[PDB]
Number of protein chains: 2
Amino acid sequence: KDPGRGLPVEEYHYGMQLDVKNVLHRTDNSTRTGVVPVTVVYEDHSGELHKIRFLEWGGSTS
Amino acid sequence: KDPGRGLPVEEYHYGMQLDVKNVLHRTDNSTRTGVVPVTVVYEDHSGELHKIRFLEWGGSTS
């Protein structure tokens, strides 16, 4: 439904190894070009959820 | 056509301010989940092209 509900944004570092079992939410940046914000909610193998927010390149070219 | 033709991969750092006028190529990672490689070719305001390769989260959830 809304997997981000009630989760704080946690510390994230580009390139860091995470324990990602499932990705439950990610911002739809398909139409965006260049660097844009993205929020991810993922589930780890223990079953805990994690919300992270960072930057990525949008899904479109110019 | 193929904007990556004849370009070396250049040094890139997550979070670095770049001079991006146009994005000419980016890997189609729409179907991927979790962290995956991505290559971008972009044009700067001077008109020069730049190829960079790094990691991003795929465009899909689980």
# chains A, B, ... in the order shown; residues from 1 in each chain; ligands from 1
call {"tool": "residues_around", "arguments": {"residues": "residue 14 (chain B)", "least_positions_apart": "2", "cutoff": "12 Å", "atoms": "only C-alpha atoms", "output": "ChimeraX atom specification"}}
result
/A:13-16,35,54-57 /B:11-12,16-18,52-56
call {"tool": "write_last_selection", "arguments": {"atoms": "N, CA and C atoms", "output": "PDB file, in the first residue's frame"}}
result
ATOM      1  N   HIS A  13      24.742   5.936   2.170  1.00  0.00           N
ATOM      2  CA  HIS A  13      25.999   6.310   1.518  1.00  0.00           C
ATOM      3  C   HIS A  13      26.042   5.643   0.176  1.00  0.00           C
ATOM      4  N   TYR A  14      26.302   6.429  -0.863  1.00  0.00           N
ATOM      5  CA  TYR A  14      26.467   5.880  -2.202  1.00  0.00           C
ATOM      6  C   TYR A  14      27.515   4.776  -2.192  1.00  0.00           C
ATOM      7  N   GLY A  15      27.197   3.651  -2.817  1.00  0.00           N
ATOM      8  CA  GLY A  15      28.167   2.560  -2.960  1.00  0.00           C
ATOM      9  C   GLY A  15      28.190   1.589  -1.804  1.00  0.00           C
ATOM     10  N   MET A  16      27.418   1.872  -0.764  1.00  0.00           N
ATOM     11  CA  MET A  16      27.438   1.008   0.399  1.00  0.00           C
ATOM     12  C   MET A  16      26.695  -0.282   0.088  1.00  0.00           C
ATOM     13  N   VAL A  35      20.008  14.910 -12.839  1.00  0.00           N
ATOM     14  CA  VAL A  35      20.032  14.455 -11.468  1.00  0.00           C
ATOM     15  C   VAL A  35      18.800  14.949 -10.724  1.00  0.00           C
ATOM     16  N   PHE A  54      18.063   9.967  -1.628  1.00  0.00           N
ATOM     17  CA  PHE A  54      19.362  10.262  -2.221  1.00  0.00           C
ATOM     18  C   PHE A  54      19.116  10.839  -3.623  1.00  0.00           C
ATOM     19  N   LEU A  55      20.135  10.843  -4.473  1.00  0.00           N
ATOM     20  CA  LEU A  55      20.042  11.407  -5.819  1.00  0.00           C
ATOM     21  C   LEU A  55      20.329  10.336  -6.845  1.00  0.00           C
ATOM     22  N   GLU A  56      19.694  10.471  -8.008  1.00  0.00           N
ATOM     23  CA  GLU A  56      19.946   9.588  -9.138  1.00  0.00           C
ATOM     24  C   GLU A  56      19.745  10.346 -10.435  1.00  0.00           C
ATOM     25  N   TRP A  57      20.138   9.728 -11.531  1.00  0.00           N
ATOM     26  CA  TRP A  57      19.850  10.281 -12.845  1.00  0.00           C
ATOM     27  C   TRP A  57      18.451   9.823 -13.279  1.00  0.00           C
TER      28      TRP A  57
ATOM     29  N   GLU B  11      36.407   9.960 -14.872  1.00  0.00           N
ATOM     30  CA  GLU B  11      36.266   9.941 -13.431  1.00  0.00           C
ATOM     31  C   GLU B  11      34.936  10.569 -13.027  1.00  0.00           C
ATOM     32  N   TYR B  12      34.182   9.822 -12.217  1.00  0.00           N
ATOM     33  CA  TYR B  12      32.944  10.381 -11.709  1.00  0.00           C
ATOM     34  C   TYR B  12      32.849  10.067 -10.200  1.00  0.00           C
ATOM     35  N   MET B  16      28.684  14.825  -7.216  1.00  0.00           N
ATOM     36  CA  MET B  16      29.462  15.912  -7.775  1.00  0.00           C
ATOM     37  C   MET B  16      28.584  16.748  -8.692  1.00  0.00           C
ATOM     38  N   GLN B  17      28.737  18.066  -8.571  1.00  0.00           N
ATOM     39  CA  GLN B  17      28.099  19.028  -9.467  1.00  0.00           C
ATOM     40  C   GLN B  17      28.743  18.860 -10.851  1.00  0.00           C
ATOM     41  N   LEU B  18      27.917  18.613 -11.857  1.00  0.00           N
ATOM     42  CA  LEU B  18      28.371  18.531 -13.255  1.00  0.00           C
ATOM     43  C   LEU B  18      27.687  19.624 -14.058  1.00  0.00           C
ATOM     44  N   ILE B  52      30.290   8.496 -18.446  1.00  0.00           N
ATOM     45  CA  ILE B  52      30.503   8.118 -17.038  1.00  0.00           C
ATOM     46  C   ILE B  52      29.775   6.801 -16.779  1.00  0.00           C
ATOM     47  N   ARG B  53      30.336   5.976 -15.910  1.00  0.00           N
ATOM     48  CA  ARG B  53      29.713   4.718 -15.534  1.00  0.00           C
ATOM     49  C   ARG B  53      29.793   4.533 -14.030  1.00  0.00           C
ATOM     50  N   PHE B  54      28.671   4.107 -13.456  1.00  0.00           N
ATOM     51  CA  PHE B  54      28.499   4.127 -12.007  1.00  0.00           C
ATOM     52  C   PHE B  54      27.357   3.162 -11.658  1.00  0.00           C
ATOM     53  N   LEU B  55      26.793   3.285 -10.463  1.00  0.00           N
ATOM     54  CA  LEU B  55      25.730   2.397  -9.993  1.00  0.00           C
ATOM     55  C   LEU B  55      24.486   3.200  -9.693  1.00  0.00           C
ATOM     56  N   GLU B  56      23.331   2.565  -9.887  1.00  0.00           N
ATOM     57  CA  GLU B  56      22.049   3.160  -9.538  1.00  0.00           C
ATOM     58  C   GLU B  56      21.074   2.072  -9.132  1.00  0.00           C
TER      59      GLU B  56
END
call {"tool": "closest_atom_pairs", "arguments": {"of": "chain B", "to": "chain A", "cutoff": "6 Å", "atoms": "only C-alpha atoms", "output": "CSV"}}
result
residue,atom,partner,partner_atom,distance
B:22,CA,A:62,CA,5.5
B:23,CA,A:61,CA,4.9
B:24,CA,A:61,CA,5.5
B:61,CA,A:23,CA,4.9
B:62,CA,A:23,CA,5.3
call {"tool": "calpha_fit_and_write", "arguments": {"fixed": "chain A", "moving": "chain B", "output": "short mmCIF file (atom, residue, chain, number, x, y, z; two decimals) with C-alpha atoms, in the first residue's frame"}}
result
data_model
loop_
_atom_site.label_atom_id
_atom_site.label_comp_id
_atom_site.auth_asym_id
_atom_site.auth_seq_id
_atom_site.Cartn_x
_atom_site.Cartn_y
_atom_site.Cartn_z
CA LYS B 1 0.00 0.00 0.00
CA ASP B 2 2.26 2.77 1.38
CA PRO B 3 5.46 1.07 2.51
CA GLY B 4 7.02 4.41 3.52
CA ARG B 5 4.35 4.98 6.24
CA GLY B 6 5.93 5.64 9.62
CA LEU B 7 9.59 5.18 8.56
CA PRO B 8 12.28 7.80 9.16
CA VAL B 9 14.86 8.40 6.45
CA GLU B 10 18.01 6.56 7.48
CA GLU B 11 21.65 7.26 6.83
CA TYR B 12 22.69 6.18 3.37
CA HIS B 13 26.00 6.31 1.52
CA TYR B 14 26.47 5.88 -2.20
CA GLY B 15 28.17 2.56 -2.96
CA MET B 16 27.44 1.01 0.40
CA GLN B 17 26.65 -2.71 0.46
CA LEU B 18 23.07 -3.14 1.74
CA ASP B 19 21.05 -6.22 2.56
CA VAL B 20 18.28 -5.86 -0.05
CA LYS B 21 15.76 -8.68 -0.31
CA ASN B 22 12.94 -6.69 -1.92
CA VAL B 23 12.46 -3.14 -3.17
CA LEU B 24 8.96 -2.07 -2.07
CA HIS B 25 8.93 1.53 -3.29
CA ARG B 26 11.00 3.74 -5.53
CA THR B 27 10.21 7.21 -6.89
CA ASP B 28 8.96 7.14 -10.48
CA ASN B 29 11.64 9.26 -12.19
CA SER B 30 11.05 7.75 -15.65
CA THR B 31 10.18 11.13 -17.25
CA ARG B 32 12.95 13.12 -15.57
CA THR B 33 16.30 14.07 -17.11
CA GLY B 34 19.51 14.74 -15.20
CA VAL B 35 20.03 14.45 -11.47
CA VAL B 36 16.89 14.22 -9.36
CA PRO B 37 15.89 13.05 -5.87
CA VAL B 38 14.81 9.48 -5.26
CA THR B 39 13.32 7.73 -2.26
CA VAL B 40 13.56 3.97 -1.84
CA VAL B 41 11.84 1.70 0.68
CA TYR B 42 13.42 -1.76 0.80
CA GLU B 43 13.04 -4.93 2.89
CA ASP B 44 16.10 -6.71 4.26
CA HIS B 45 16.50 -10.49 4.74
CA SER B 46 15.58 -10.20 8.46
CA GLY B 47 12.24 -8.62 7.36
CA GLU B 48 12.89 -5.04 8.45
CA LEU B 49 12.00 -2.04 6.24
CA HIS B 50 14.32 0.85 5.46
CA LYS B 51 13.61 4.25 3.89
CA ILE B 52 16.52 6.04 2.17
CA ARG B 53 16.58 9.23 0.12
CA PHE B 54 19.36 10.26 -2.22
CA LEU B 55 20.04 11.41 -5.82
CA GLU B 56 19.95 9.59 -9.14
CA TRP B 57 19.85 10.28 -12.84
CA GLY B 58 16.34 10.45 -14.29
CA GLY B 59 15.05 7.80 -16.63
CA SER B 60 14.93 9.97 -19.77
CA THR B 61 17.38 11.44 -22.26
CA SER B 62 17.00 14.95 -23.75
#
call {"tool": "select_by_dssp", "arguments": {"residues": "chain A", "states": "strand (DSSP E or B)", "output": "ChimeraX atom specification"}}
result
/A:9,22-26,35-43,49-57
call {"tool": "write_last_selection", "arguments": {"atoms": "N, CA and C atoms", "output": "PDB file, in the first residue's frame"}}
result
ATOM      1  N   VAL A   9      13.773   8.546   7.411  1.00  0.00           N
ATOM      2  CA  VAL A   9      14.857   8.400   6.451  1.00  0.00           C
ATOM      3  C   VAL A   9      16.112   8.037   7.243  1.00  0.00           C
ATOM      4  N   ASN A  22      13.963  -7.223  -1.030  1.00  0.00           N
ATOM      5  CA  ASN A  22      12.944  -6.690  -1.921  1.00  0.00           C
ATOM      6  C   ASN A  22      12.934  -5.169  -1.891  1.00  0.00           C
ATOM      7  N   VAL A  23      12.684  -4.573  -3.038  1.00  0.00           N
ATOM      8  CA  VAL A  23      12.460  -3.139  -3.170  1.00  0.00           C
ATOM      9  C   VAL A  23      10.942  -2.959  -3.194  1.00  0.00           C
ATOM     10  N   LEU A  24      10.418  -2.266  -2.190  1.00  0.00           N
ATOM     11  CA  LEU A  24       8.963  -2.074  -2.074  1.00  0.00           C
ATOM     12  C   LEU A  24       8.453  -0.784  -2.678  1.00  0.00           C
ATOM     13  N   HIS A  25       9.293   0.245  -2.716  1.00  0.00           N
ATOM     14  CA  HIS A  25       8.926   1.528  -3.289  1.00  0.00           C
ATOM     15  C   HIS A  25      10.159   2.174  -3.868  1.00  0.00           C
ATOM     16  N   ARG A  26       9.998   2.809  -5.018  1.00  0.00           N
ATOM     17  CA  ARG A  26      11.003   3.736  -5.529  1.00  0.00           C
ATOM     18  C   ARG A  26      10.300   4.825  -6.313  1.00  0.00           C
ATOM     19  N   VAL A  35      20.008  14.910 -12.839  1.00  0.00           N
ATOM     20  CA  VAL A  35      20.032  14.455 -11.468  1.00  0.00           C
ATOM     21  C   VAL A  35      18.800  14.949 -10.724  1.00  0.00           C
ATOM     22  N   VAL A  36      18.164  14.005 -10.032  1.00  0.00           N
ATOM     23  CA  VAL A  36      16.892  14.219  -9.357  1.00  0.00           C
ATOM     24  C   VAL A  36      16.873  13.431  -8.050  1.00  0.00           C
ATOM     25  N   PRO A  37      16.022  13.834  -7.093  1.00  0.00           N
ATOM     26  CA  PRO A  37      15.888  13.053  -5.874  1.00  0.00           C
ATOM     27  C   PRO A  37      15.109  11.765  -6.076  1.00  0.00           C
ATOM     28  N   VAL A  38      15.468  10.780  -5.271  1.00  0.00           N
ATOM     29  CA  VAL A  38      14.813   9.481  -5.256  1.00  0.00           C
ATOM     30  C   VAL A  38      14.715   8.983  -3.824  1.00  0.00           C
ATOM     31  N   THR A  39      13.555   8.413  -3.515  1.00  0.00           N
ATOM     32  CA  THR A  39      13.317   7.731  -2.262  1.00  0.00           C
ATOM     33  C   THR A  39      13.073   6.265  -2.548  1.00  0.00           C
ATOM     34  N   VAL A  40      13.723   5.406  -1.787  1.00  0.00           N
ATOM     35  CA  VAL A  40      13.559   3.967  -1.841  1.00  0.00           C
ATOM     36  C   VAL A  40      13.115   3.440  -0.480  1.00  0.00           C
ATOM     37  N   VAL A  41      12.121   2.545  -0.475  1.00  0.00           N
ATOM     38  CA  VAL A  41      11.841   1.701   0.679  1.00  0.00           C
ATOM     39  C   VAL A  41      12.171   0.274   0.279  1.00  0.00           C
ATOM     40  N   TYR A  42      13.036  -0.372   1.045  1.00  0.00           N
ATOM     41  CA  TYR A  42      13.418  -1.762   0.796  1.00  0.00           C
ATOM     42  C   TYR A  42      13.265  -2.602   2.066  1.00  0.00           C
ATOM     43  N   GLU A  43      13.158  -3.907   1.850  1.00  0.00           N
ATOM     44  CA  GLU A  43      13.042  -4.930   2.889  1.00  0.00           C
ATOM     45  C   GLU A  43      14.345  -5.700   2.915  1.00  0.00           C
ATOM     46  N   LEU A  49      12.099  -3.049   7.300  1.00  0.00           N
ATOM     47  CA  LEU A  49      12.003  -2.041   6.245  1.00  0.00           C
ATOM     48  C   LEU A  49      12.934  -0.876   6.511  1.00  0.00           C
ATOM     49  N   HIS A  50      13.383  -0.262   5.419  1.00  0.00           N
ATOM     50  CA  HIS A  50      14.324   0.847   5.463  1.00  0.00           C
ATOM     51  C   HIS A  50      13.946   1.874   4.407  1.00  0.00           C
ATOM     52  N   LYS A  51      13.838   3.135   4.804  1.00  0.00           N
ATOM     53  CA  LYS A  51      13.612   4.251   3.892  1.00  0.00           C
ATOM     54  C   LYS A  51      14.898   5.046   3.747  1.00  0.00           C
ATOM     55  N   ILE A  52      15.312   5.261   2.505  1.00  0.00           N
ATOM     56  CA  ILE A  52      16.520   6.037   2.174  1.00  0.00           C
ATOM     57  C   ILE A  52      16.159   7.049   1.090  1.00  0.00           C
ATOM     58  N   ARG A  53      16.794   8.209   1.127  1.00  0.00           N
ATOM     59  CA  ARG A  53      16.582   9.233   0.119  1.00  0.00           C
ATOM     60  C   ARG A  53      17.916   9.814  -0.314  1.00  0.00           C
ATOM     61  N   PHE A  54      18.063   9.967  -1.628  1.00  0.00           N
ATOM     62  CA  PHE A  54      19.362  10.262  -2.221  1.00  0.00           C
ATOM     63  C   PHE A  54      19.116  10.839  -3.623  1.00  0.00           C
ATOM     64  N   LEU A  55      20.135  10.843  -4.473  1.00  0.00           N
ATOM     65  CA  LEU A  55      20.042  11.407  -5.819  1.00  0.00           C
ATOM     66  C   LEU A  55      20.329  10.336  -6.845  1.00  0.00           C
ATOM     67  N   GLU A  56      19.694  10.471  -8.008  1.00  0.00           N
ATOM     68  CA  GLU A  56      19.946   9.588  -9.138  1.00  0.00           C
ATOM     69  C   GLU A  56      19.745  10.346 -10.435  1.00  0.00           C
ATOM     70  N   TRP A  57      20.138   9.728 -11.531  1.00  0.00           N
ATOM     71  CA  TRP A  57      19.850  10.281 -12.845  1.00  0.00           C
ATOM     72  C   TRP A  57      18.451   9.823 -13.279  1.00  0.00           C
TER      73      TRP A  57
END
